[PDB]
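Participant: Structure, please.
(chains A, B, C, D, E, F, G, H and I, ligands or ions: 2)
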Amino acid sequence: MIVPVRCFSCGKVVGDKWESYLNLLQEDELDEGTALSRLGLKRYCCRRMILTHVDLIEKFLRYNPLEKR
Amino acid sequence: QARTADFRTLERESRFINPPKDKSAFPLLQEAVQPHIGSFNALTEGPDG
Amino acid sequence: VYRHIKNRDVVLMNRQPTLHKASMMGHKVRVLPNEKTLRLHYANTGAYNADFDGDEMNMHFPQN
Amino acid sequence: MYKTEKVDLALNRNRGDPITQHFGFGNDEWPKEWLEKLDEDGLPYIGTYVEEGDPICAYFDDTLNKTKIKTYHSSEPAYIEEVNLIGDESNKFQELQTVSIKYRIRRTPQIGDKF
Amino acid sequence: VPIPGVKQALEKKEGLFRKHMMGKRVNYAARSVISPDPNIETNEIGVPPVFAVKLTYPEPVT
Amino acid sequence: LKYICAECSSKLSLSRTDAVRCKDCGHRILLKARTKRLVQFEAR
Amino acid sequence: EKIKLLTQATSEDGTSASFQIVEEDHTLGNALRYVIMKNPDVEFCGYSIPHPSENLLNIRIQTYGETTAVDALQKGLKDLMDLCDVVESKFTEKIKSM
Amino acid sequence: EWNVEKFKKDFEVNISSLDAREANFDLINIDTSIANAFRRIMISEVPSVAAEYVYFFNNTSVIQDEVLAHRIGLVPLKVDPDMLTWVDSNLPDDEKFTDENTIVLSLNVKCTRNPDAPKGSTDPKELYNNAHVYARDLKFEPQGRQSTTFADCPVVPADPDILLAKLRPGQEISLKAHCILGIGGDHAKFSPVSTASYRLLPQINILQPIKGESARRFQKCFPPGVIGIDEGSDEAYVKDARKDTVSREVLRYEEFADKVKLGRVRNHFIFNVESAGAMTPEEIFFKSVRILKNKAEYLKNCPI
RNA sequence: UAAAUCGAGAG
Ligand SMILES: [Zn+2]
Ligand SMILES: [Zn+2]
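Facilitator: Numbers count the residues shown, from 1 in each chain, chains lettered A, B, ... in the order given. Ligands and ions are numbered 1, 2, ... in the order given. For reference, the structure is listed below:
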């Protein structure tokens, strides 16, 4: 749903690199590989953490019982 | 290299944030249930009432 | 005393379908500390025709 | 894993006879030990941790003048995800009889699980 | 479709001879999905702690 | 205010023998609000 | 009861013995086995984990005589300590430079 | 006759780099038993601090409480593990936690819509207040004498940009987290090393001279700083064997299939330790070697 | 507390 705190395979913290990854892809016209390299994700175990995240929580957040629409 | 797919991350997350207000993306997902939708819709509309 | 099953107890292990008598054997009990599965040696898989693809089987505890 | 069960207090009546059972507690002497997981209206707090043998909803019964609790029937501990009150499509303002209570159970991968 | 009789309770499978005499349901038996285990003596069965807590044997005190 | 309307999301407090329906709209489905209570957990 | 001697394996002479240690793995066991295999008096040394799910380790030590297995275990532990001490000293010395 | 003196004379450490999060050093003439013991102790046995228990007071967000507590347990805390002792499991939950062994964090964030949002806006920062919940929002509450000993270095997550949760107006999260001392062999959240591993030094043996244009092809089969063409005569040599992975791409060509051998210097380890943030890699390795020494000492001092 | 029938699955 939301970005994992740590890479499963090794344990490197990657939860602080999701908004940064989206911003790197968005403003700077970068490909995914270069953006991942700039974030410091070297091993592919860490690279597929942010490369393949779907970020489903946003789709969850639009259904809000506690606020009128 | 020609066997190239792509993660549409910028496209996907934007659509997550704001759903389309005109029509649903992935029109092929509506043609899967057409044999049901268009079948039920055929007993109330179409030619001959 | 209705004591718990121990390491010196025997148990009747059977896996359906029981095509031949070797598909229902008697094993010495060793109790493990971790998980909710019946752990079985690989050599027993020949007679039970058992893989570990979610296959299940029955343990019976003789009471005399 | 989510499981939603409907507790209906109107399964012991029909044809519009007087409503015998009311959600909540009464004025009898029921142990406070099961007030931990139930509010003042005999419904479970959202997010509480319910195991087997613990109350889910408390209903007072006029026929017996006794406060009875329905309990949780499962050996898998669960957390109360949500509770919904279902008023009926009736012109009369009938007291609540149907509650849809949904639990969630943590299915973390144990050995023996098919991947 | 009609109510079964006394004969219909004994005749075929799901009757009374094949379903409650030749094959019965038993006490002190567990059923579970198996997993492999080396370090088991090839004549042993590795049982979970839950089964070790539920299953019991009556030992006369001596 | 122990409950929430399932349509207009408005909070409402329901007494005994009160009509099970929202006051600001004619909706009969009410959700129990998540009140502030101590729920212990283990970060594992 | 951190380390225990298995009387079903020890010899009355004392040269052959088996030790069971709680809460160990192939971390202390491998290092201790290698360090005590450095001993010229030790004939046979091995380590074994009965079951991976139990935090139990076994060390088998058999000598050539003139030295018990317990003395061999003591020498191995001391040598492992000294080995760790020298690697610590080298690391500390190298940290000061760069 | 092997002896600690001979190993002390032959052992040598060759540090290649040193940082605040990563140390890449070398251990020479040491057995793989001791090196693997150090690696395992670094990964699994050197203690650290992480949020062990979570007490929830309200979670109206779209994330379930167990997942949120798991995430709060998975964020590394920049607190030196030496400053607190170990809790007792056999102690009752009332007096188990003291000011000397448990660090209390609190998170109280309530989302609410921003009325001044720009028209036609879709960014969840202009729209809502406290929409995103970060690890930096975990306020540290010093209780007792820890209000003084932690005054110089307050508790704060090592990576403060960790995205714990996302909120919407009306939704709120209020909770406390008790963080205790623990080791990585109990739960993976207590491991202080992002990754600890050694690799054997690659060894490229040129069996027969590869002089000429083929050397350029031979130079092409390795990472650039590994094979160099001799300046004097056109001839290949191993400039640096630490800069090549063992890819064996040279083995895929019959031209060099019989003119090279790949092996390892099987007592020369390259240790690459990447830390999580609570400790520096040099202190992590120091604690690992100290833990092995203390484990051996405790085993030695116990009656048999 | 029960029983059929239907449906979905596992080996
Ligand atoms: Zn990784
Ligand atoms: Zn309403």
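Participant: Residue C:60 and ligand 2: what is the separation?
Facilitator: 59 Å (CB to the ion, to the nearest Å). C-beta: built from backbone N, CA, C; applies to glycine.
Participant: And the closest residue to that residue other than its chain neighbours, how close does it get to residue C:50?
Facilitator: Nearest residue to residue C:60, sequence neighbours excluded (CB to CB, 6 or more residues apart in numbering or on different chains): residue C:12, at 3.9 Å. For residue C:12, the distance to residue C:50 equals 15 Å [CB to CB, to the nearest Å].
Participant: The two: which is more packed in?
Facilitator: residue C:50 (19 against 15; other CB atoms under 10 Å in any protein chain shown).
Participant: got the residues of chain E near chain D?
Facilitator: Applying CB under 8 Å from any CB of the partner chain, we find that chain E lies next to chain D at E:33, E:35.
Participant: which residue does chain E bring closest to chain A?
Facilitator: Residue nearest to chain A within chain E: residue E:35 (22.2 Å; CB to the nearest CB).
Participant: quick check, that residue in a strand?
Facilitator: Yes - per DSSP: H, G, I helix; E, B strand; the rest coil, residue E:35 lies within a strand segment.
Participant: wait, it sits on residue D:110?
Facilitator: No - between residue E:35 and residue D:110 there is no contact under CB atoms under 8 Å: 10.3 Å.
Participant: Are there residues contacting both of the two? Which ones?
Facilitator: By CB atoms under 8 Å, 6 or more residues apart in numbering or on different chains, residue E:35 and residue D:110 have these common neighbours: residue C:35.
Participant: Those two: which has the busier surroundings?
Facilitator: Neighbour count, other CB under 10 Å: between residue E:35 and residue D:110, residue E:35 has more, with 17 against 10.
Participant: and the more buried one, what does it touch?
Facilitator: C:35, C:37, C:38, C:39, C:40, C:52, D:111, D:112.
Participant: want to throw these into JSON lines with secondary structure and distance to residue F:6?
Facilitator: Shown next, in JSON lines, are these (DSSP: H, G, I helix; E, B strand; the rest coil; distance: CB to CB, whole Å):
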{"residue": "C:35", "secondary structure": "coil", "distance to residue F:6": "42"}
{"residue": "C:37", "secondary structure": "coil", "distance to residue F:6": "43"}
{"residue": "C:38", "secondary structure": "strand", "distance to residue F:6": "47"}
{"residue": "C:39", "secondary structure": "strand", "distance to residue F:6": "49"}
{"residue": "C:40", "secondary structure": "strand", "distance to residue F:6": "51"}
{"residue": "C:52", "secondary structure": "coil", "distance to residue F:6": "46"}
{"residue": "D:111", "secondary structure": "coil", "distance to residue F:6": "41"}
{"residue": "D:112", "secondary structure": "coil", "distance to residue F:6": "40"}
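Participant: how about the residues of chain G that lie near chain C?
Facilitator: Going by CB under 8 Å from any CB, the residues of chain G near chain C are G:51, G:53, G:54.
Participant: Residue D:43 versus the residue of chain F found nearest RNA strand I, what's the distance?
Facilitator: Residue nearest to RNA strand I within chain F: residue F:32 (26.1 Å; CB to the nearest atom of the strand). Distance of residue F:32 to residue D:43, computed by CB to CB: 6 Å.
Participant: does the helix ranked longest in chain B come close to chain H?
Facilitator: Assignment by DSSP state H gives helix B:9-17 as the longest helix of chain B. Yes - for helix B:9-17 and chain H, the contact criterion (CB under 8 Å from any CB) is met by residue B:17.
Participant: Outside of that helix itself, list whatever touches it.
Facilitator: A:22, A:25, A:26, A:32, A:54, A:55, A:56, A:58, A:59, B:25, H:122, H:124.
Participant: List the buried residues in it.
Facilitator: B:9, B:13, B:16 (16 or more other CB atoms under 10 Å in any protein chain shown).
Participant: Just confirm yes or no for the helix or strand that it is followed by near chain A.
Facilitator: Remark: after helix B:9-17, the chain's next helix or strand is helix B:28-31, criterion DSSP states H and E. No - using CB under 8 Å from any CB, we find that helix B:28-31 stays clear of chain A, coming within 15.3 Å at best.
Participant: now helix B:28-31, how far from the chain's geometric center?
Facilitator: The chain centroid and the centroid of helix B:28-31 are separated by 5 Å under CA atoms, centre = their mean, to the nearest Å.
Participant: Counting by contacts, list what whatever helix or strand residue G:72 lives in packs against.
Facilitator: Using DSSP H and E, the element containing residue G:72 is helix G:69-97. Here helix G:69-97 touches strand G:16-22, helix G:28-37, strand G:56-63, helix H:4-10, strand H:12-13, strand H:22-28, helix H:32-44, helix H:281-300, going by 3 or more CB pairs under 8 Å, 6 or more residues apart in numbering or on different chains; DSSP states H and E.
Participant: Can the fourth one be said to contact chain G?
Facilitator: In this case it means helix H:4-10. Yes - Helix H:4-10 is in contact with chain G by CB under 8 Å from any CB, via H:4, H:7, H:8.
Participant: could you turn that helix into PDB, dropping everything but the C-alphas?
Facilitator: The C-alpha trace of helix H:4-10 is given here as PDB (Å, rounded to 0.1, in the frame of the first residue of the first chain):
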ATOM      1  CA  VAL H   4      48.600 -16.500  18.200                       C
ATOM      2  CA  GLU H   5      52.000 -14.900  17.700                       C
ATOM      3  CA  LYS H   6      52.300 -16.200  14.100                       C
ATOM      4  CA  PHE H   7      48.800 -14.900  13.300                       C
ATOM      5  CA  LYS H   8      49.600 -11.600  14.900                       C
ATOM      6  CA  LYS H   9      52.700 -11.400  12.700                       C
ATOM      7  CA  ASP H  10      50.800 -12.300   9.500                       C
END
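Participant: Contacts for that helix next, please.
Facilitator: G:79, G:82, G:83, G:86, H:28, H:29, H:30.
Participant: And those, which is closest to chain A?
Facilitator: residue H:30 (24.2 Å).
Participant: That closest one is in contact with residue H:267, isn't it?
Facilitator: Yes - between residue H:30 and residue H:267 there is a contact under CB under 8 Å: 6.2 Å.
Participant: Tell me which of the two has more neighbours.
Facilitator: Neighbours were counted for residue H:30 and for residue H:267 using other CB under 10 Å; residue H:30 has more, 22 against 16.
Participant: Tell me the spacing between that one and ligand 1.
Facilitator: Residue H:30 is 27 Å from ligand 1, by CB to the ion.
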